[PDB]
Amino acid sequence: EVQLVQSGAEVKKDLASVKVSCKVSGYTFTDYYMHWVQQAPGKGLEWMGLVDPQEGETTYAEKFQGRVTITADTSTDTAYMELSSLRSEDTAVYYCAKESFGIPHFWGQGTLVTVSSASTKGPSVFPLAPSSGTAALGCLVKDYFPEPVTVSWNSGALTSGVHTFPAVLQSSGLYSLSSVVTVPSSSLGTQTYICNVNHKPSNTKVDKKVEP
């Protein structure tokens, strides 16, 4: 019945303005309110504002006031959300959402707006070899922007006992994750272990043999 189709994820430099969209279908746009919500990565939900699409009358949260503009296009059944002066901390997922009983009833899928001065750089994969009955080994994926990056072991053959961690943003602005696997120590010298790193935004496919 009701579908909310939001615009695709964006990457923006500092001091820029992004305009996220929401495409609405399966109900009368103007008969209900329309909400917008923030969700920074890891942290929880925070209400940004709302709009009456019938008259285009808005009220924003005072926290977001001035640096946000919600709009509603009754012709194209499209709500919009415009962030004014973008900053590092504005990196978040932005949900449009249809109101139904005073509150956001049906949510959209969000739009991952990401804010950085950092240019598109490919990673540098380095090994995490042990020395030393089970043993750990891995690959450190480093110095890359933006997200995401996929990692697999032995061309997707070794899935069991694996842990690919979430990334951390370094002070340089570039992300840096690590992938690891726990293996029997008896099969250390015999069995080969290769990590398959894939970072699509720079076309950087890298395979790395992991040996002591």
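Numbers follow the displayed sequence, beginning with 1.
Per the record, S132 and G133 are separated by 4 to 9 deposited residues that are missing from the model. When the C-alpha B-factors of 50-58 and 143-151 are averaged, 143-151 comes out higher.
Once the C-alpha B-factors are averaged per stretch, 134-142 and 109-117 rank with 134-142 first.
As recorded in the entry, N203 carries the highest CA temperature factor of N203, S17, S25, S21. Of the candidates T30, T69, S160, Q38, it is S160 whose Cα B-factor is highest according to the PDB record.
Compared with the other modelled residues of the chain, the Cα B-factor recorded for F126 ranks in the highest third. The PDB entry assigns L45 a C-alpha temperature factor belonging to the middle third of its chain's modelled residues.
In the PDB entry, a CA B factor belonging to the lowest third of its chain's modelled residues is recorded for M34.
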